[PDB]
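Numbered from 1 within each chain, the chains take letters A, B, ... in sequence-line order. All values below come from the heavy atoms of this structure, side chains included, with hydrogens, waters and symmetry mates left out.
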Amino acid sequence: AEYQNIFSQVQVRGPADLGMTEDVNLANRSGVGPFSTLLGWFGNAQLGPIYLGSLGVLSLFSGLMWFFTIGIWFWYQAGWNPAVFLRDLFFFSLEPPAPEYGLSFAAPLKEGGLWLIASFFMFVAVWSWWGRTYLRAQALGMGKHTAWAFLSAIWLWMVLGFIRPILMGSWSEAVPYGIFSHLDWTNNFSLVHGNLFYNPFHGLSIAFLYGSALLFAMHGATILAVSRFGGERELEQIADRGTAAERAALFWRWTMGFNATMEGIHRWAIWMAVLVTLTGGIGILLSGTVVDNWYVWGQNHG
Amino acid sequence: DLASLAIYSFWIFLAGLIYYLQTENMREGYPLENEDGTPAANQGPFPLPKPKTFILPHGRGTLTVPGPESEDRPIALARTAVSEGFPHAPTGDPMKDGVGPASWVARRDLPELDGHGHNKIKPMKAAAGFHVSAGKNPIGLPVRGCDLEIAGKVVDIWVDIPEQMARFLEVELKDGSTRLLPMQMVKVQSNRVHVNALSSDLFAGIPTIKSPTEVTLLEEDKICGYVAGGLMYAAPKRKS
Amino acid sequence: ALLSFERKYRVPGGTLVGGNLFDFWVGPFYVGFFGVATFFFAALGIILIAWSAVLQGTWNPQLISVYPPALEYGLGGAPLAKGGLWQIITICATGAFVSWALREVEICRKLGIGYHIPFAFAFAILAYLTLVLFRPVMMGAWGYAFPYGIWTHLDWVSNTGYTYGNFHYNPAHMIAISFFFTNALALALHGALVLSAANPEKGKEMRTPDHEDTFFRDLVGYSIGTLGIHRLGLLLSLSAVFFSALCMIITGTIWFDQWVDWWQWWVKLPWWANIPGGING
Ligand code: BCL
Ligand code: BCL
Ligand code: BCL
Ligand SMILES: CC[C@H]1c2cc3[nH]c4c(c3C)C(=O)[C@H](C(=O)OC)c4c3nc(cc4[nH]c(cc(n2)[C@@H]1C)c(C(C)=O)c4C)[C@@H](C)[C@@H]3CCC(=O)OC/C=C(\C)CCC[C@H](C)CCC[C@H](C)CCCC(C)C
Ligand SMILES: CC[C@H]1c2cc3[nH]c4c(c3C)C(=O)[C@H](C(=O)OC)c4c3nc(cc4[nH]c(cc(n2)[C@@H]1C)c(C(C)=O)c4C)[C@@H](C)[C@@H]3CCC(=O)OC/C=C(\C)CCC[C@H](C)CCC[C@H](C)CCCC(C)C
Ligand SMILES: COC1=C(OC)C(=O)C(CC=C(C)C)=C(C)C1=O
Ligand SMILES: [Fe+2]
């Protein structure tokens, strides 16, 4: 090939990079891990350090309990038989309490209680991780974009698991913890609500999911196409526009009639992605609370 | 109907959002210009954004965009038509004049710095203790042009230290001097380095750096632009 | 008409076909031979859609729907009003998509950059041809292709999927979805990271890429780097589309049952097909 720069031809290695200091509490950084030659073909080879601290540990811990609670239930469903455990691993499911328990936390363990407990650990694990994404940025003096984007994903998960079931009056309305069972749940949700293809926030959501693949293919390919001019060094290209930024912008202007800037493409990017779950969340939230049947709602246009 | 309300509201939001993103992407390159360099009359339906300022690290100053732009370099092209929309032809040697695929931008004649204030890019012999950890080491290999003639031999690798990445080969020419080659424009083989963009006698015209241990942003543009321009302008010597 | 830095790039050369005859711009748009071809396929294709809208009796864009020939036609030509417009429009669309890509190649040449973008766009074209050509031909009728209408092609998706039960159980489909999700994840992260470095806290100077690296190492113990993340984005989005085409090319060609049935190569395996209890025993 007229070399495509998908994989490096040569790897170089030097002393581990211990990272910027700023206001990071250095007491909570690990040592550095080993270098990975395997990963070095595609990206950086350095593993670590990682930063832990209170929230990270709380998040890890709480997340492990979540995993453990589900796991122990799966073993229970497999009658403590390892062979059955592996045979039926994808069919195991931890279900929410049945409708007749409403929103009470008074369901017996084997009938939805254990689901409530898992959800509690999951809830703590995710929000404390969110706090972490926010505090890592702050300690380095960075903007909070990552935390705000993550919040968009959290929104869809909150709607599916908590906000919508509460508004519907029943935990039984939440999503089970199982590989196949949450798939069956997804199918069933659409059938019950009169075909989600005719939910317009669902169509919007799909436009941005597709749009995200579109844009990241456009942008990944654009940067590789101008890496022969050092295009991937985008911060310095923002501060001091180079021929990389200019050719990238002219490619698209000539193709399509308009173009982005090196900073501006990243604003297009962050919104394209976060709109997937922002809109999806709204669409799920409205289903069965406000609209029973999307197909029928659609035929009246509203 | 609350669903109706919601979907009409979101479309309002989305239009405001798009207008924001588009204006925000007009911080470079605008106002539009006529082909004679005067401002175009039709600037489009989106206004220029109000200025924003970046405070560059390491005392390098501030950047405000948008702001009045120059090329800050003479451009050796002649208009080929009375009307608007046709190619501008090079009046001289486009490789040397830095036009078309061989263009470069007048970036700051300073090297890029890492987070600690040190030069981001260094020759590997000056970087303790980087070494080649996988793949074919190109040091000491012959460098061959598109004319299948040897142009020199690889004497060092210039590495992006924070990223731990090879960015240039330093190549020694027959006359003893050296040149940098973008790592992206070379093909490292078992017994040689092959460079498709240039014939062996065009290596000498690769711009030179004024320090043997650092390269500036201006120099990297000049080097990269010139080598990439070879694909269009050195094609006659690209061997049948 | 021009960006402030644009003139020095608007030089002659790079065309694949026609030399300098189509080597010019209209406003911001570059033309070239494939610009002309794109226009011609698009013009004709849009006319036929109008011609078909007349046959249908509506000009409401959300009712217009051009269907392909009935199954009984198999793979033959059909009368214009009975599937023939669909056939011609498909030819045009393919002509336009392919022209669009070759125009991108001409533009790459004029600007001196790699060919990654039209290369990447070719996968989207591959995916389209999988649905309207490869799969219908392997099944032996154009009527298995999808109709060209805003809501009707959604019905087609729904109908096709439920023909094999819950289409979720298609394993290539699972893989495709995982790349679509991971790709949106990575795009959000990549966008947030660059913006958070360029637009730091108030009172702060612009951050360096070393801060970016340091942010992801602190957060998850690994930074892929600035080159690697763009490699990754390209990889994720193309792989999502590749497995999409794959999960359909095999549906109705080498697999005809409900996809949940596929998963028994695991359940009824030798060491445990019989052990009582769990979900399946
Ligand atoms: C991919 C697998 C399925 C399929 C499944 C779905 C599902 C499921 C949904 C859509 C949705 C849409 N699909 Mg579909 N779709 C397929 C194939 C296609 C093809 C094609 C030629 O292959 C096209 C052009 C479209 C086009 C569209 C849009 C009407 C809409 C938003 C997509 C989007 O933003 O994408 C990302 C691209 C962009 C963001 C860039 C802009 C693209 C613009 C918007 C395209 C407009 C097309 C235009 C109206 C028609 C041609 C114009 C000509 C001049 C006549 N689909 C196949 C058959 N598609 C959604 C919908 O109807 O929402 C209401 C939806 O829920
Ligand atoms: C029968 C099936 C139904 C249907 C039913 C649904 C339902 C029901 C839903 C969707 C949703 C979505 N559907 Mg639909 N869908 C259908 C057909 C389609 C088609 C198609 C071509 O046919 C497409 C392209 C889509 C596409 C989409 C997406 C746009 C959207 C999911 C966004 C997302 O990123 O979620 C992935 C992201 C998340 C769920 C957020 C996760 C965030 C949390 C914080 C992560 C925690 C991680 C945890 C701590 C660690 C876990 C590790 C694991 C062990 C691996 N659907 C048909 C009509 N679809 C969703 C939506 O928004 O709808 C409006 C939704 O709820
Ligand atoms: C009830 C329906 C079934 C089901 C049935 C199907 C069927 C049936 C199919 C899929 C396919 C897909 N499904 Mg499914 N699917 C279900 C549930 C889901 C869920 C979910 C959350 O539950 C998800 C995430 C998905 C996800 C997906 C993707 C993996 C894939 C669509 C993307 C694609 O192919 O793009 C490919 C990209 C394109 C086709 C775009 C091509 C664009 C062309 C080249 C250019 C257009 C130019 C345009 C006209 C110009 C306009 C320009 C003007 C300027 C406007 N499905 C349920 C169980 N799914 C489809 C697939 O894999 O297709 C290959 C498919 O056919
Ligand atoms: C904008 C929309 C997209 C998005 C964005 C997004 N996600 C994000 C972020 C952002 C911007 C983050 O900053 C955050 C992050 O830190 O990323 C690196 C995150 C992230 N998104 C993640 C996942 C995720 N995002 C998803 C989706 C998306 N995220 C959207 C497409 C999906 C799905 C379903 O598509 C998943 C799976 C995480 C990688 C991370 C959030 C991390 C977190 O909350 O961690 C807390 C939990 C733990 C530490 C638990 C650890 C325990 C183990 C993992 C065990 C569980 C295993 C399982 C239960 C198996 C059981 C069986 C066994 C007994 C055999
Ligand atoms: C492969 C990864 C992703 C990808 C990549 C990608 N797409 C691309 C590119 C790349 C890299 C381009 O360079 C190119 C571009 O220029 O984008 C700005 C393009 C592009 N992707 C487009 C759309 C698109 N991409 C999609 C998807 C994807 N694109 C993938 C997810 C989708 C989806 C998911 O639905 C759509 C709708 C266009 C914006 C653009 C190509 C524009 C083009 O080809 O223009 C020439 C054609 C015309 C001007 C019009 C022709 C009209 C026809 C003759 C008549 C209509 C026929 C059609 C079948 C009607 C049917 C509509 C119904 C289904 C509703
Ligand atoms: C500094 O370069 C990097 C990014 O650039 C935005 C990343 O997104 C990411 C994160 C994205 C994924 C999904 C690894 C990493 C790790 C990284 O090193
Ligand atoms: Fe980028």
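Ionic pairing of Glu246(A) and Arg107(B) is not present here: no N-O contact between side-chain nitrogen and carboxylate oxygen is shorter than 4.0 angstrom. Under the 4.0 Å criterion applied to side-chain N and carboxylate O atoms, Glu112(B) and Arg233(A) are assigned as salt-bridge partners. A salt bridge links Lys52(B) with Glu263(A); the closest basic N to acidic carboxylate O contact falls under 4.0 Å.
When each of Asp160(B), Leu2(B), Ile7(B) is checked for heavy-atom pairs under 4.5 Å with chain A, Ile7(B) comes out on top. The greatest number of non-hydrogen atom pairs below 4.5 Å with chain A, out of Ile223(B), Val186(B), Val159(B), is found for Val186(B). The residue among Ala127(B), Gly115(B), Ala166(B) with the most heavy atom pairs within less than 4.5 Å of chain A is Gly115(B). Per-residue counts of heavy-atom pairs under 4.5 Å with chain A were compared for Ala197(B), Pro182(B), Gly129(B); the largest is that of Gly129(B). Per-residue counts of heavy-atom pairs under 4.5 Å with chain B were compared for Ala260(A), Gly242(A), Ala1(A); the largest is that of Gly242(A). Chain B forms the most heavy-atom pairs under 4.5 Å with one residue out of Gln46(A), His301(A), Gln237(A), and that residue is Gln237(A). Contact count against chain A (heavy-atom pairs under 4.5 Å) is highest for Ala134(B) among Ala134(B), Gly135(B), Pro138(B). Here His131(B) is the residue among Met183(B), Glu24(B), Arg60(B), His131(B) with the most heavy-atom pairs under 4.5 Å with chain A.
No donor-acceptor pair under 3.5 Å is formed between the side chain of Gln11(A) and the backbone N or O of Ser133(B). In this structure, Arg241(A) contributes its side chain and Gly29(B) its backbone to no donor-acceptor pair below 3.5 Å. Here the side chain of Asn25(B) pairs a donor or acceptor atom with the backbone of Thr261(A) at under 3.5 angstrom. Side-chain atoms of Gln164(B) do not come within 3.5 Å of backbone N or O of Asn44(A) as any donor-acceptor pair.
With a threshold of 4.5 angstrom between heavy atoms, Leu204(A) approaches chain B through side-chain atoms but not through N, CA, C or O. Both the backbone and the side chain of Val12(A) come within contact range of chain B, each with at least one heavy atom under 4.5 Å from a heavy atom of that chain. For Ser227(A), the parts sitting under 4.5 Å from any heavy atom of chain B are the backbone and the side chain alike. Of the atoms belonging to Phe168(B), not a single heavy atom falls under 4.5 Å from chain A. With a 4.5 Å cut-off on non-hydrogen atoms, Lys187(B) touches chain A through its backbone and its side chain both. If you measure heavy-atom distances from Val291(A) to chain B, the contacts under 4.5 Å come from the side chain alone. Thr279(A) touches chain B through its side chain: at least one heavy atom from C-beta onward sits under 4.5 Å away, while N, CA, C and O do not. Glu69(B) touches chain A through its side chain: at least one heavy atom from C-beta onward sits under 4.5 Å away, while N, CA, C and O do not. With a 4.5 angstrom heavy-atom cutoff, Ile121(B) touches chain A only via side-chain atoms. Residue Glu22(A) does not touch chain B at all, counting heavy-atom pairs closer than 4.5 Å. Of the atoms belonging to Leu224(A), not a single heavy atom falls under 4.5 Å from chain B. Residue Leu231(B) touches chain A through its side chain alone, counting heavy-atom pairs closer than 4.5 Å. Only the side chain of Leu14(B) comes within contact range of chain A, with heavy atoms under 4.5 Å apart. Interface remark: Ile161(B) contributes no atoms to any contact with chain A (heavy atom separation under 4.5 Å).
With a 4.5 Å cut-off on side-chain heavy atoms, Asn137(B) and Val10(A) do not count as touching. Contact annotation: the side chain of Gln184(B) never approaches that of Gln4(A) to less than 4.5 Å [non-hydrogen atoms, C-beta and beyond]. Side-chain contact between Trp297(A) and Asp1(B) is present, with heavy atoms from C-beta onward closer than 4.5 Å. Side-chain atoms of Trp271(A) and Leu21(B), non-hydrogen and from C-beta on, do get closer than 4.5 Å to each other.
Summarising the local packing, OH of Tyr295(A) is surrounded by 12 or fewer heavy atoms from other residues, nucleotides or ligands at distances under 6.0 Å. With a 6.0 Å radius and a threshold of 12 heavy atoms from other residues, nucleotides or ligands, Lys96(B) has its NZ atom at or below the threshold.
Between atom CG of residue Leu235(A) and atom CG of residue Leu56(B) there is a gap of 11.0 Å, rounded to the nearest 0.5 Å. With rounding to the nearest 0.5 angstrom, the CG atom of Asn259(A) is 10.5 Å from the CD atom of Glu28(B).
In terms of heavy atoms, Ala228(B) sits closest to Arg228(A) at CB-CD, 4.3 Å. The shortest heavy-atom contact between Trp294(A) and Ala3(B) is CH2-CB, 4.3 Å. Across all their heavy atoms, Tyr20(B) and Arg267(A) have their closest contact at OH-NH1, 3.5 Å.
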